[PDB]
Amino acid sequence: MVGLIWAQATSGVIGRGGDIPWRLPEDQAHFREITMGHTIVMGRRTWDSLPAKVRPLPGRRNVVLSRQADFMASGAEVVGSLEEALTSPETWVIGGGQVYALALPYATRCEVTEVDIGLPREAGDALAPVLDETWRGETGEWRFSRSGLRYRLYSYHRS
């Protein structure tokens, strides 16, 4: 089982300037709850973007994809190919744009957080993968974050 988990603006934007262009602490808790105790896979850029206090993310086996054979990621398993990364039975791909696109075909689940923020795509942005008709989904109720932004959760699947 390979799953993808991400938070996106309605526009599809998930990253800009090496960051996540919004604040939504409630999403942090959701991400943690889904991924806790499992293997997580991320691209090297996503690894770099992790705040040092949570690098590596606790209680999870951190796997980092990089083309540099000798890249140093303390507390994480550096692998050079997708096949080396997706070996665990329950793997959660946690970003970024390049890795989501790379792992989507191996995925049978997507846990998505839509953030109701006006944020038109700009060149160079990290973007969420687009889910086609092979996916069946359930949409949750809109909720207000203490940061003022509305957000809702989607759970997609395919067999």
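Think of the rigid core as the biggest set of C-alphas that the two forms share within 1.5 Å after superposition. Each residue number is its position in the shown sequence, starting from 1.
- Here 124 to 132 and 46 to 54 are scored by the root mean square distance of their C-alpha atoms in 8 other deposited structures of this protein, with each structure fitted by the rigid core; the higher score goes to 46 to 54.
- Between 143 to 151 and 6 to 14, the larger mean CA deviation from the shown form in 8 other deposited structures of this protein, after core superposition, belongs to 143 to 151.
- Comparing 51 to 59 with 106 to 114, the higher mean C-alpha B-factor in the PDB entry belongs to 51 to 59.
- Mean C-alpha B-factor is higher over 65 to 73 than over the other stretch, the pair under comparison being 33 to 41 and 65 to 73.
- Looking at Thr134, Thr46, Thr91, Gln98, the one whose CA carries the top B-factor in the deposited record is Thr134.
- Placement of the Cα temperature factor of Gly12 within the chain: lowest third of the modelled residues, per the deposited record.
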